[PDB]
């Protein structure tokens, strides 16, 4: 490998994607990424907080993008101010529990893992220190995604090349914040303090919150996603621990790889697709009409009561052939 080019990448925060090329402009390279683990309390909603544990300070962790056959060398840093051990498990990798058995670092330590991205697809990465710590760290926010694109870019079900203009990485996360008998949420001084109470909620399998980008409303209102009519947007969707059923209100999935692995034929014209807990899927959609759209988990209680809603504001000209109000509300 001393013989292959090295590319150092600067990660950007979700839902955005760092700069990259859809068709690799070179032969296999070694992609260098660095992340700092940040433990901090985050506001999930009005009066709801989580003692979170995060990759690079965001939930989800940032999206990494590489090409099939490249190597990935991740420098993971556990700063001394943190309270516990962490590691990383890449579903894109082969061996040593996804890298988790080679990356356990205590506060004050760093580690560098190299793996070959042998399989194309969007994949979850997540913390997995061992035993009960595995689910607890993930539902505390420690998960992201790496997208391994085919070297010749995405292809559809007949082998035709397809291209996107923008990638939006929707990281959906379920959380289990303990509640007082009246339904209000509990607050703690650090992650460990709230562990036993959080387990009791985890045992019910009912999340208190299910959110995109780490908080209710993160991608609504002022944080709405933007696009223009004609844009091909690839929505890469991860859910590290619980199923989701994404749907774009007013749109469709033109090409969808719900299990997220690019050499498999994508399905077309979907209304709603399915992201298995522990995976990332991807859906491409070409916007045809301007206006407000919402992208949701279509259990509408999870979308609206729990937080799994993002908005997309689209600029452009309206096409009355696709839809038209014939008789406006009247009476």
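Numbering follows the first chain given and starts at 1.
For the segment pair 39-47 and 52-60, the entry gives 39-47 the higher mean B-factor, averaged over Cα atoms. The question of which stretch, 166-174 or 151-159, has the higher mean Cα B factor is settled in favour of 151-159. Comparing C-alpha B-factors across 254, 196, 231, 89 in the deposited entry, the largest value falls on 196.
Taking only the listed residues 308, 314, 24, 322, the entry reports the highest CA temperature factor at 24.
The entry lists a Cα temperature factor for residue 203 that places it in the middle third of the chain's modelled residues. Residue-level temperature factors show residue 29 in the highest third of its chain, judged at the C-alpha atom. Residue 185: CA B factor lies in the middle third for its chain, per the PDB record. Ranked by Cα temperature factor within the chain, residue 245 sits in the lowest third according to the deposited record.
Sort the chain's modelled residues by C-alpha temperature factor and residue 98 lands in the middle third, per the entry.
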